[PDB]
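Colleague: The structure that follows is given in the form of structure tokens.
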Amino acid sequence: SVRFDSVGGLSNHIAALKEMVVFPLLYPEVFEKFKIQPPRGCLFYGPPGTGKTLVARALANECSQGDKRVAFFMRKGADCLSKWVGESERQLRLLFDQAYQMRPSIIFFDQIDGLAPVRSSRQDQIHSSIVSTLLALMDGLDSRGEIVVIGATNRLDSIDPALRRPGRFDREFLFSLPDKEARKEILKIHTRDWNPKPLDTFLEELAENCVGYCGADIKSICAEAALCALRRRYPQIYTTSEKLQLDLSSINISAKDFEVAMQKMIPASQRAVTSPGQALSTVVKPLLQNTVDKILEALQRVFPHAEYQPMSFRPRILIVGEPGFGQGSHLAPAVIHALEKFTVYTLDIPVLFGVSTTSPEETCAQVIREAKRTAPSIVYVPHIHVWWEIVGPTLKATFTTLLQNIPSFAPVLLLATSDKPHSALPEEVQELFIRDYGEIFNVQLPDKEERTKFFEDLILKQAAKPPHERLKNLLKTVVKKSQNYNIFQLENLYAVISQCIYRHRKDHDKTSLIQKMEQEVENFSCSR
Amino acid sequence: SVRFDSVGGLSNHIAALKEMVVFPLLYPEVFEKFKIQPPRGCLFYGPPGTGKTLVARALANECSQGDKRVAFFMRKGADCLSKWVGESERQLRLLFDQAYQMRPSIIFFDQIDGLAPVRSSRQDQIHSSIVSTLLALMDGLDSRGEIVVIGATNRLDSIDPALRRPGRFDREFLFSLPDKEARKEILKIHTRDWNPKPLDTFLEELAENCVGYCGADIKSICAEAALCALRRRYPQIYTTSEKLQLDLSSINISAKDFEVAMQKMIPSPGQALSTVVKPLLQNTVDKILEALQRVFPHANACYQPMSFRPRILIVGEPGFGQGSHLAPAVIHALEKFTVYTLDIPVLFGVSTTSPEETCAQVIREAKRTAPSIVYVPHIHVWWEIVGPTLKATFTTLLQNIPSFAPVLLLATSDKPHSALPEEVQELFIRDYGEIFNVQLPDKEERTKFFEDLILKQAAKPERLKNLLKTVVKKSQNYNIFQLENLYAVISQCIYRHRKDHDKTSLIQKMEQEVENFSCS
Amino acid sequence: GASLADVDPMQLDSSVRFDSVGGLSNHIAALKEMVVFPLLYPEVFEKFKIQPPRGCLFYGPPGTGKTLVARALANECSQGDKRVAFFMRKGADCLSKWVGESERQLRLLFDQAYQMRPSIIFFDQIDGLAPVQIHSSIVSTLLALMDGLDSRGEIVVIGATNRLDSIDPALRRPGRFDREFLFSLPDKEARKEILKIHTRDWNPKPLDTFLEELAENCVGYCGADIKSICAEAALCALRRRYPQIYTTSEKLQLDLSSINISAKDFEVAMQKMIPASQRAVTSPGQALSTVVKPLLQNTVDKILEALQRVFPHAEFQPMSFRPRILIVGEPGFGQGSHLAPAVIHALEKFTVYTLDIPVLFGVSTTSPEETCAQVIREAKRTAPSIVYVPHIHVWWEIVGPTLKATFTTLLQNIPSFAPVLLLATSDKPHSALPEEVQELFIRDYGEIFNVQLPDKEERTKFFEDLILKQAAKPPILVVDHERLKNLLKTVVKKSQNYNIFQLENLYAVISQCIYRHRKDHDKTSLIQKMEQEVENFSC
Ligand SMILES: Nc1ncnc2c1ncn2[C@@H]1O[C@H](COP(=O)(O)OP(=O)(O)OP(=O)(O)O)[C@@H](O)[C@H]1O
Ligand SMILES: Nc1ncnc2c1ncn2[C@@H]1O[C@H](COP(=O)(O)OP(=O)(O)OP(=O)(O)O)[C@@H](O)[C@H]1O
Ligand SMILES: Nc1ncnc2c1ncn2[C@@H]1O[C@H](COP(=O)(O)OP(=O)(O)O)[C@@H](O)[C@H]1O
């Protein structure tokens, strides 16, 4: 049924696999020249929903329907556990011996953590016995060739470390959340055999909003979209116990269905945690997207790992601006979001202090150690000008002598924001961001063009929908009287006009809100 | 087929083993002259992969090969369990007679975790009875020769504590991860019989870069490298069909294949210099090590070394790499000595312990393993980061250390020796050899720092030499940070002009970018 | 076994019986009348009524023979009434902070102890079982189980520990642990007895004078160090004699007549090891090293003579009144580095407690007010004793306002005629110390000693047996024997103002040259090097 085509995105855990399963059968001489004794054990692991059981399934299908003949034995967590006194460790050896007669064969253990927990003398003796009789008869597996043992898990730390050793489980595969190049393939696989195949550009657009999703999260919106189309088209289905008469020809899926379905959906990875990076909303985007792009260009100039081998030496950048220019609230999370596939580690006040029972120094050390472990990563310290005059005198020392110990050309990025200009910051901070290296970005107010696009939809498209030159003058005067607002005032004059419009929904004729609009625009006052 | 020469690294474990288990059994008339009384139980323990069963197999084969004067009973100590009422405890009482009729004997118990676990209200009636008979066949049916029992394990606490008592399993052998020297002979052993004989410099460098590996990993990187050659040489091996025609002579393993397999696999205040920085600071590291030799000669009667309160302080302006590159490279070169760090993120990066208590145990453990090193980097900020009790503890602690005990105190500083507080100034004695002032590198070094880039990669498929000269003409007073920053900036253009056959166009951009690199 | 627990006794070796224990003679003459006599003569303990105690506590540094005495004692009781059982538990073994396993383990252990009867229970390292309700549930049951042994028994409990102050004070009450025994590092006359015990069953028995010589060269050893150097001096002889046995698995023929042990096999064993007094205990008292002896032995003898004026127990109806002494000197005259520890070590048989910085704060991360009270109370409990406060000129400027108030009032609650000495050292002169410190030493009472530099002769003899003999050792041809003496005199003249930290550095910098010229058969390329290193040595 399913055989690799469906498996979209991974494409390298698959090539790395047939050199364990297929090659020792086909080319058993290259392993003799170097005396290789090829590997015999994988260990799939990663967050939930990201593949690896789809992979086990597709591999079983390739074996059963490919080049005869390979056997496939599958165990589900802990099945050897039996009621009598010895029938537990006997079934394991029975399985390994039956797999030797049907060889070549591959053994698959789903959800290891119920079978091989970390041994301890404060637990059941049967678990230690099972782990021992499992790492015994797997060590004596060289003479019993043509057997491959795979095990998929979720908790790599909950597996006995005596098994994660070359000889028992020598390869370890990481199944991570897809990125915008893989989510598009997945969406192509799931909307594959649809009546009116969704345009490639449409899926290209859909793959962007789905940031925290996985294969299981993407498979489900393709179903919620159809379920939304069904009740959009035929609303006379819920208010009925009997059947109806459908034509199955009027039911078509549109982008509104996908968006209303994505409204209800919550990614399985963000059901109990919130990531420190968001995107510009549909409102603020025509106001700051170009600024985001310029920031990314400068970051490329200083952090070329974001585009034979990129050379980077301690990449840092500091986004500076006036207190309302939107750098710690709008710009920096958007920059974090546009740079996906880099793990992000946050160091702001509610992280050092918003978690007690652990001094700030501990968490400050853990963040940098883990960011070193998996490079290239980002360490996000927003609002340093307040961060600095809120911490202790030893935390400054720890923070400065912990990122001086980072290898120079290791690609770890330090991102920070500021409200005071660079000159006003404490001189100890100014030593970290040098201007001649291109590590300081100064945000500026948006130009006339931007401010025009920001209001160009409210006037004149929303103020013309029932249940023109007089509107263009309103647009002109709004853009003129707002040429020196920050972001927090622009997107308030927006809301002020937004509310005005909403209060005239069922009014069948205009020229009651037009003058109301212009009066509310005239009463607006702030001036920083 | 394994007899002691297939074990790299454990040159002291093997000697102690045959000086305590083998020789009292082979030459009983010798150890009776002195009443040495060998043990009746030892125990190997350590992390997984460190050669615990390899030593057992080697010892068995060295007990068989010869004249068979000693018998070896090898028993994986978990398959001795019978799902019955009294049979597993009879195999034990039989194993001990089968080895008393053939004395001398060594009874080996591989993985005794599964034979004698900790009995409590989570154990069965079979394992408790097994322990009760095992610690009766040993304390009673022994103490005269010539049976010696060994057992292997990973955690020393996964065994019943009643077995480790005076008169029972008492001696212990800690198998730990290999250091940089053992990791070289391990690679030699695992590349013993090879077509293309590898060089010794290659294995040396590899052993340097394979940090954190434990033996078995080193056997694995050899395999994963040969899998990187094949894919490099026959990219058509995948998505194909049955073999047809393949030559097993163009699969030569190259040096860049080890560095890919070492990243397709998953595996301290001391780090060697990178390949890029080495030809810039290796000379200074040599000079520092020589000054150490001057003060630390370990790196009644005379004609053995003798030192007096070894102390050295590498001083240099900020940016001279005296605490970023130099001192950890020197700690690396001075391996085979145990190092103990004392800096900020190790005094304060842990709670549930005082900074005054984590400073006394460090000096205690440094005295127990002398000659050792105590490493305090950046004293010019270390001194103003601790409390007034920690200073008065640290000073009296390193004062109570005996006069001639070879504990070295290594430290660094960015402010000059005359800008430090008096309490520190009266701790190094510049009139002695205890202060070392770093200098900028010489023209010879600086020039050779850029040569692979200019001119051996901008011309990689001339006027470059001129540009090269200019690179040395403005970099005269650059510290290490600006130096390697300028080197990384000049290595960027090249990576941007990868697929540009026509030259003289990236040379112009290069000479204008190096004309713009300002680092005042 | 229906009791899934560690309750089995041990089969002890029968060859340990009041003959292998060397150095511990007062303790044995007391344990054999509270453990042995109630079992051997049971008619005196019923003639009147006695019901002897059921408890002993052993404490002291590690390796001092505290398990060995329990073993010897269990073998000594079970010689007429075979046989006394022996149970041994060791605190902190995979049962700490596990409720409620430890309670039933202890209950079953006491049950088994009752079933055998007579028996001896031994808790090695109780610090892991009753350290100062995971904690109350287990100590309360231990107290109830111990306090429930009938007066005659016959069950005897014994406990061992390293620091007496890491044990719950609820244990030290009569009927449970009514006596305590201190196992200290052995002096010379006990070191000789241990050496005679361990080298007793040898064909070619070592000479008595050689054992006398050995007992003095290994100071700071604890029992197990002597065992380790005796059993390793036997391996060096074999290794040096037959080095071709290490590369041959085939048992070759060896003559058991050329493997006789000699010296230079004991000292090569004593080289590669570090003693007990330099490993763990932070023993405040250490004797002068063999290098510094000829320089400071006279000062050490002078202090111990101005110390019997105040502390007339330093010559053992003596009567003293608040014995105090303060040795003062310049910063480098070695009062807190060489003199005071050697003075303390000379005063063995007197228990010594220290109050210095790494003990108040570093060790035992508790409040520094309870540790000072502990040391004062236990110092007067075992008087005559010593309290040692080194470097008061800095000690006083590091403690809090409450610690001074506790210390100054705790040494006035000591009875006036108790022999509890207070020894302190300083680097500022007496009149530079804070006034609360000056109001403790009354120099007209003789409580002050001023250290001075070593005399000309002292320095001469200090450099002599380095610069005349070791500078002419045949590398195993031509030595001058005349300019060596001139160099000795120039060195003695040049160094007539150094303190000790410099006087003993100019001794290590001159000995280095000799090492760099080990093999040179012409002893001339280092004489000039010697005198040019001395010509460039500045304070
Ligand atoms: N890379 C992918 N391409 C296509 N579909 C996918 C992919 N990953 C997941 N899916 C879909 O999501 C479903 C769940 O996948 P799967 O069960 O393999 O995840 P998992 O890692 O095994 O989850 P868990 O670890 O919780 O068991 C699959 O049935 C598959 O239809
Ligand atoms: N010191 C060493 N020298 C050479 N090879 C080694 C060494 N240590 C390990 N190896 C290689 O790694 C393999 C695994 O080592 P080994 O099984 O002896 O240790 P182990 O896994 O701790 O043993 P066990 O865990 O089964 O008791 C060996 O077959 C050997 O080839
Ligand atoms: N006083 C002593 N006399 C003879 N041998 C001793 C003495 N003290 C220690 N030893 C030797 O040291 C070994 C270990 O001593 P041990 O009793 O374990 O010390 P601890 O008191 O710390 O338990 C003993 O087996 C014995 O061989």
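Using Swiss-Prot numbers, chain C covers 408-539, 546-729, 787-946, 1326-1388, in order.
Any Cβ shown, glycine's included, is placed from N, Cα and C.
As annotated by Swiss-Prot, phosphoserine applies to C:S410. Residues or ranges marked as ATP binding site by Swiss-Prot: C:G467, C:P468, C:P469, C:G470, C:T471, C:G472, C:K473, C:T474.
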Colleague: My list of binding-site residues is C:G467, C:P468, C:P469, C:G470, C:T471, C:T474; which of them have a Cβ under 8 Å from any chain B Cβ, in sequence order?
Modeller: C:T474
Colleague: To the nearest whole angstrom, state the Cα distance for the pair C:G470 (ATP binding site) and C:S410 (phosphoserine).
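Modeller: Roughly 33 Å, rounded to the nearest whole number.
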Colleague: Within 10 angstroms of the C-beta of C:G470 (ATP binding site), what count of other C-beta atoms is obtained when all protein chains are considered?
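Modeller: Summing over all protein chains shown, C:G470 (ATP binding site) has 20 other Cβ atoms within 10 Å.
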Colleague: Please check each of the binding-site residues C:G467, C:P469, C:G472, C:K473 and report the ones with a CB atom less than 6 Å from an atom of ligand 3, ordered along the sequence.
Modeller: C:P469, C:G472, C:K473
Colleague: Could you tally the C-beta atoms, other than its own, that fall within 10 angstroms of the C-beta of C:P469 (ATP binding site)?
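Modeller: Around the Cβ of C:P469 (ATP binding site), 16 other Cβ atoms lie within 10 Å.
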Colleague: How many Å lie between the Cα of the residue listed as 'phosphoserine' and the Cα of C:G472 (ATP binding site)?
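Modeller: Cα to Cα, the residue listed as 'phosphoserine' and C:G472 (ATP binding site) are separated by 32 Å.
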Colleague: Using a 10 Å cut-off, grab the number of neighbouring Cβ atoms around the Cβ of C:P468 (ATP binding site), all chains included.
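Modeller: I count 19 other Cβ atoms within 10 Å of it.
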Colleague: Taking the centroid of the Cβ atoms of C:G467, C:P468, C:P469, C:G470, C:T471, C:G472, C:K473, C:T474 as the ATP site, which other residues of that chain lie with their Cβ within 8 Å of it, listed in sequence order?
Modeller: C:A573, C:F596, C:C635, C:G636
Colleague: DSSP on C:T474 (ATP binding site), three-state: which is it?
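Modeller: DSSP assigns C:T474 (ATP binding site) to helix.
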Colleague: Of C:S410, C:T471, C:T474, which of the recorded positions has the most Cβ neighbours inside 10 Å?
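Modeller: Of the recorded positions C:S410, C:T471, C:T474, the highest Cβ count within 10 Å belongs to C:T471.
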Colleague: In sequence order, which residues at least six apart in the same chain have a CB under 8 Å from the CB of C:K473 (ATP binding site)?
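Modeller: The list for C:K473 (ATP binding site) reads C:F465, C:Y466, C:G467, C:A573, C:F596, given in order along the sequence.
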